[PDB]
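Asks: begin with these chain(s), straight out of the complex:
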Amino acid sequence: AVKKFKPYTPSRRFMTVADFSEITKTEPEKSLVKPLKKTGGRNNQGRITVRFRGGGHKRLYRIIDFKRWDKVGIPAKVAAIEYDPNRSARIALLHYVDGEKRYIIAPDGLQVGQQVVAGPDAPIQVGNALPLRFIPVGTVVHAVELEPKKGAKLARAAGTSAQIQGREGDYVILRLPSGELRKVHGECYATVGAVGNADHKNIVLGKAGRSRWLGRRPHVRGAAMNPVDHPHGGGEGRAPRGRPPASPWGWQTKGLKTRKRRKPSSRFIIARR
């Protein structure tokens, strides 16, 4: 339900914004926020290592619980759905019967007032977290660990999900958000349901300034540069590429594969994306 605007300015003609109607609380929980260090794409040497970054809105980091086997068997009540500036998905504030408060990625269909629980004996309901081997084949899951007790790594962006395809010994075959079929250890944890905020990809930024609000600085084409700066630089007037298209550092950028050939995890990938 993306919100549109009448064209009372040139930029408002196309710009769309998120509805925000699912958000119930407008201030983050004080005990679960930490200051976030803006880098501008610089490393500890002070050098730009990722180009065209910096200058966005100030942000606070919210601590997300990505290892839900920490509190197996202790139910929690969903207190609120909140805005999180650091990720595309919304977050959910959990009020454990323990009196402990934690944030999780808010799944699609989670409501304030429901009960969630983690553990091998949890019901198969949206928001519950279980080891993969206890979850039926065909279930849609998100926030999936890659290796046991190492933290959720897969299917965390808004609207993404993974689906269990089958079992093989100690391993469970998963279809990843990218379409890749992968074997994941059956003792890895996952949460039932898909990530919410599936409309996030329908947002139209509308103007250059909105990209700047998000910390994305302007991108300069290689063909706009001089030969000293880029393989595509130079030429009198506009020029075609004049060679296979390349990065600023020389490698070809249309089809050249870059995954390391002899990587150990290749034994656990059944079909590439």
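Replies: Great, that's in hand. Residues are numbered from 1 along each chain as shown, chains lettered A, B, ... in the order given.
Asks: how near is residue A:24 to residue A:111?
Replies: 10 Å (Cβ to Cβ, to the nearest Å). All C-beta spots, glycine's among them, are computed from the backbone N, C-alpha and C.
Asks: repeat for residue A:233
Replies: 55 Å.
Asks: more crowded one of these two?
Replies: Neighbours per residue, other Cβ atoms under 10 Å: of residue A:233 and residue A:111, the larger number sits with residue A:233, 16 against 12.
Asks: and residue A:105, how many neighbours?
Replies: 27.
Asks: what's the nearest residue to it if we skip its chain neighbours?
Replies: residue A:89 (5.2 Å; Cβ to Cβ, 6 or more residues apart in numbering).
Asks: residues contacting that neighbour?
Replies: A:105, A:106, A:156, A:157, A:158, A:195, A:196, A:197, A:200 (Cβ atoms under 8 Å, 6 or more residues apart in numbering).
Asks: quick one, phi psi at the fourth one?
Replies: In this entry, residue A:157 is assigned phi and psi values of phi -70, psi 160 (degrees, to the nearest 10).
Asks: quick check: end-to-end length of stretch A:188-203?
Replies: 34 Å (Cα to Cα, to the nearest Å).
Asks: can you check stretch A:32-42 too?
Replies: End-to-end for stretch A:32-42, by Cα to Cα: 27 Å.
Asks: check which residues of it are buried.
Replies: Judged by neighbour count (16 or more other Cβ atoms under 10 Å), stretch A:32-42 contains these buried residues: residue A:32.
Asks: throw chain B on there as well:
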Amino acid sequence: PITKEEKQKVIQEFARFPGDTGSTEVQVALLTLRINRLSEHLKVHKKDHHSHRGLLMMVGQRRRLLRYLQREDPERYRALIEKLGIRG
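Replies: Chain B goes in next, on the same frame as the chains above:
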């Protein structure tokens, strides 16, 4: 569906005399019950056009009955629409 109990309750509610089942008031009340239930159904089943034609037929029949009642007894007509909340 509409069971016999609620229909009989409506019939007793709106009938003039105890043995009456086909007066204008009772017919209007039964039509209003059916129209309310069908409109509630159509609020969820939007693509149910075939049922919507029947709803249009019911609305037209009730309009004809109300016109006749208003033309033959304005006091009865006003009392009936006030009791049913028809106007709009």
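Asks: again for the buried residues of stretch A:32-42, chain B present now?
Replies: residue A:32 (16 or more other Cβ atoms under 10 Å in any protein chain shown).
Asks: quick one: contacts of that stretch?
Replies: A:48-56, A:58-63, A:86, A:101-103, A:215 (Cβ atoms under 8 Å, 6 or more residues apart in numbering or on different chains).
Asks: restricted to strands, list the residues you listed.
Replies: Using DSSP state E, the members of those that fall in strands are A:60, A:61, A:62, A:101, A:102, A:103.
Asks: nearest spatial neighbour of the spatially most central residue of chain A, chain-adjacent residues omitted?
Replies: Nearest to the mean C-alpha position of chain A, by Cα atoms, centre = their mean, lies residue A:157 at 3.1 Å. Of all residues not flanking residue A:157 in the chain, residue A:88 sits nearest, at 5.2 Å (Cβ to Cβ, 6 or more residues apart in numbering or on different chains).
Asks: and for residue A:239?
Replies: residue A:223 is the one closest to residue A:239 (Cβ to Cβ, 6+ apart), at 6.8 Å.
Asks: what residues are up against the one you found?
Replies: Shown in contact with residue A:223 (Cβ under 8 Å, 6+ apart): A:230, A:232, A:233, A:238, A:239, A:241.
Asks: for these, pick the one with the most neighbours.
Replies: The most crowded member of the contacts of residue A:223, judged by other Cβ atoms under 10 Å in any protein chain shown, is residue A:232 (21 neighbours).
Asks: ok, back up a step: out of the ones in strands among the contacts of stretch A:32-42, flag the one nearest to residue A:73.
Replies: Closest approach between those and residue A:73, by Cβ to Cβ: residue A:102, at 15.0 Å.
Asks: also, this goes in as RNA strand C:
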RNA sequence: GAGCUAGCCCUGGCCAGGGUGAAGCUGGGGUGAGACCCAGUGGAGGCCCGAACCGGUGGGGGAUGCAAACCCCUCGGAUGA
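Replies: Just below you will find RNA strand C, in place on the chains above:
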């Protein structure tokens, strides 16, 4: 050597006055119910006019200069990248 200049990071400050009138909301209309329509309210925007401020368009002057880039008239932006 980044006390000039380019980018970024932390923490502060500044932007006279006037105009336009989005959404939302309220009331009326409309209908089987609606979608919609009208008025009022409302105060949105890399919105408008214009000083500070930031620029530097056209012309004239300056040319062993007031000045190793200035002066005068004119001109762009001015709640935002």
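Asks: quick recheck of the buried residues of stretch A:32-42 now RNA strand C is there?
Replies: In stretch A:32-42, counting by 16+ other Cβ under 10 Å, buried: residue A:32.
Asks: again with stretch A:75-84
Replies: With burial defined by 16+ other Cβ under 10 Å, the residues of stretch A:75-84 counted as buried are A:75, A:76, A:78, A:79, A:80, A:81, A:82, A:84.
Asks: ok, the third one touching residue A:112?
Replies: Yes - if you go by Cβ atoms under 8 Å, residue A:78 and residue A:112 touch, sitting 5.3 Å apart.
Asks: next step: the buried residues of stretch A:75-84 restricted to strands.
Replies: Using DSSP E, those in strands are A:76, A:78, A:79, A:80, A:81, A:82.
Asks: out of those residues, which comes closest to RNA strand C?
Replies: RNA strand C lies nearest to residue A:81 out of those, by Cβ to the nearest atom of the strand, at 20.9 Å.
Asks: what is the burial count for residue 72?
Replies: In the absence of a named chain, this looks at chain A. Neighbour tally, residue A:72, other Cβ under 10 Å: 16.
Asks: sorry, should have said chain B
Replies: The burial count for residue B:72: 10, using other Cβ under 10 Å.
Asks: what of residue A:247?
Replies: 13.
Asks: CA atoms of stretch A:10-28 as CSV?
Replies: The C-alpha coordinates for stretch A:10-28 follow below in CSV (Å, rounded to 0.1, in the frame of the first residue of the first chain):
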residue,chain,number,x,y,z
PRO,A,10,8.5,18.0,-10.5
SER,A,11,9.9,15.5,-7.9
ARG,A,12,6.6,14.7,-6.2
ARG,A,13,5.2,13.4,-9.6
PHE,A,14,7.0,10.1,-9.3
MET,A,15,8.0,9.8,-5.6
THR,A,16,6.4,7.1,-3.4
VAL,A,17,6.8,6.5,0.3
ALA,A,18,6.0,3.5,2.5
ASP,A,19,2.6,3.4,4.3
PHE,A,20,4.0,3.0,7.9
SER,A,21,0.5,1.9,9.1
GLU,A,22,1.9,-1.3,10.7
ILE,A,23,4.2,0.6,13.0
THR,A,24,2.8,0.9,16.5
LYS,A,25,5.6,2.5,18.5
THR,A,26,7.6,5.5,17.3
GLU,A,27,10.6,5.5,19.8
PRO,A,28,13.2,2.8,20.1
